[PDB]
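A short worksheet on the structure shown next.
When a ligand or atom number is given, it counts from 1 through the structure's own listing order. Numbers for residues simply follow the sequence, beginning at 1. Both backbone and side-chain heavy atoms feed into the values below; hydrogens, waters and symmetry mates do not.
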Amino acid sequence: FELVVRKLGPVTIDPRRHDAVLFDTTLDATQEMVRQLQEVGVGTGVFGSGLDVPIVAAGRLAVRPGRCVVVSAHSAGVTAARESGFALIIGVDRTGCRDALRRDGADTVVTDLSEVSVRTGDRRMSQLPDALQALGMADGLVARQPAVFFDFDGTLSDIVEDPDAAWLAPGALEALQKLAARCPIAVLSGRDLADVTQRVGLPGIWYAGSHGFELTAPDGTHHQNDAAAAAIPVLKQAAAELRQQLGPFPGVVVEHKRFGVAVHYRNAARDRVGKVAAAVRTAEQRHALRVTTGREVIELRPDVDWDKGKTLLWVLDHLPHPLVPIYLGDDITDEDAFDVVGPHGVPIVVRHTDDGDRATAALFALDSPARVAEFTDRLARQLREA
Ligand SMILES: [Mg+2]
């Protein structure tokens, strides 16, 4: 395995996203590749020829398929890893079945495992210094003038199982108000632009909704990803389709947002899960959309590359000044933004009790969403200082 240092190669085992790697036994994964994974805290295991099937091998490591990588030189492995929702499936082409393997469900195919990279450099959330404590040291948190970025759910707002029941954590409104008088603020969210705007309820700042595909400036200028916007009518049609197809089956919900269809199947019986999936993959094929899985949801999104780092970099390019970013996030999508804050930027991760001590690119930690309101207040006070 080639080592990539706080970066992302072509094929990358990413500890932040990947808790284990399941190797096909026929592969000869060197002791050097397993040791590489051992230093970054990633478990290994083998499945395959008459041995364990991928999902079983994953169960022995106490790791969900959504957090596991499979590496397989055979078709059965690739396919079984595909129907089991594995996060990353690397096909190893040793018999020139690159096309076959990718038809099976390989996310990507390599000839030799030394083409696979392992991300190094991230620390585990445990290990990180506290943001509040750093903010109050002699030299403060930032040397240069900042622009501050917030994820909404899990960061500014306490996690809730009812999406509609997400509200600003106590004190976070007065805090954002103070800070907003002091520097540019931006809240990021996967919710529609209107929803997050209403829930923060604070004007004269940047709102980025629908996964950064559309934002509002302080002056109220609307901005939208042009290429992504073309898929808006496409998605309304998939939603219309999916509602007729899955309407007969109770416990299955089709939720339509401006840049996505989400199909909730928490209350769906066994064997409509495969049927809920089959319909979304039909919607996929038919409309050239992008499917991604939640825990009990399947989502269709515009087939346009984008992440939270690109939102951040874009918003920054439009800020007046060389403005240094401070970024606060709660989960996995926020790792894209930690990675591009630059040599003076401050990436902060909000810890939860059930988060499991993930590896992260963030430099600091805030203990819960409650401290985020506290951090915001003191930041506004430290900037008023200078
Ligand atoms: Mg969140």
Side-chain angles (χ1 to χ4, degrees), residues 14 16-17 64 66-67 87 122 124-125 128 131 148-173 175-176 185-202 205-215 255 257-260 262 264 292-297 299 301 306-312 315 325-341 346-376:
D14 185 6
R16 303 172 292 160
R17 307 184 147 90
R64 340 175 290 100
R67 301 274 307 173
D122 318 295
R124 303 247 158 204
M125 275 175 325
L128 297 182
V148 194
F149 290 85
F150 291 97
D151 172 62
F152 179 75
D153 292 311
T155 305
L156 281 176
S157 178
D158 198 29
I159 31 180
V160 281
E161 299 215 18
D162 194 8
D164 318 347
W167 297 110
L168 272 184
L173 180 55
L176 289 164
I185 297 190
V187 185
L188 288 73
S189 179
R191 299 163 175 283
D192 279 335
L193 192 44
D195 189 28
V196 60
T197 291
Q198 179 258 317
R199 289 181 186 276
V200 183
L202 179 80
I205 74 179
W206 293 74
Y207 288 105
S210 316
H211 305 290
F213 275 155
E214 65 178 342
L215 49 91
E255 178 206 353
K257 323 200 96 68
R258 192 191 299 298
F259 289 92
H264 306 282
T292 58
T293 48
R295 150 180 200 79
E296 291 256 290
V297 209
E299 294 136 349
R301 309 227 157 114
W306 202 258
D307 53 58
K308 258 147 161 197
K310 297 179 144 138
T311 300
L312 192 168
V315 160
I326 285 172
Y327 191 96
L328 295 91
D330 83 282
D331 218 336
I332 186 59
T333 61
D334 296 282
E335 288 297 324
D336 296 320
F338 296 153
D339 274 314
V340 305
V341 295
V346 189
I348 299 153
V349 65
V350 181
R351 294 217 62 200
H352 300 291
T353 188
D354 63 311
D355 67 4
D357 204 31
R358 302 190 309 278
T360 188
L363 302 196
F364 300 88
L366 279 177
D367 271 352
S368 51
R371 322 261 183 172
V372 172
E374 192 66 71
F375 177 88
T376 306

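- Excluding water, every protein N/O/S atom under 2.8 Å from the Mg ion (ligand 1) is given here by residue and atom: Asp151 OD2, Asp153 O, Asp330 OD1.
- Among all heavy-atom pairs drawn from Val200 and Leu168, the shortest one is O-CD1, 3.4 Å.
- Checking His264 against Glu296 by side-chain atom types alone, no donor-acceptor pair falls below 3.5 Å.
- Screening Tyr327, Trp206, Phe152 for a side chain to side chain contact (heavy atoms under 4.5 Å, CB included) involving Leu188 leaves a single residue, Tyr327.
- In terms of heavy atoms, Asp334 sits closest to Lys308 at OD1-NZ, 2.9 Å.
- Checked against side-chain contact (heavy atoms from CB on, under 4.5 Å), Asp122 has the following partners two or more places apart in sequence or in another chain: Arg6, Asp14, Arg16, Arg119, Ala359, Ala361.
- Scanning both residues, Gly171 and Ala373, for their nearest heavy atoms gives C-CB, 3.8 Å.
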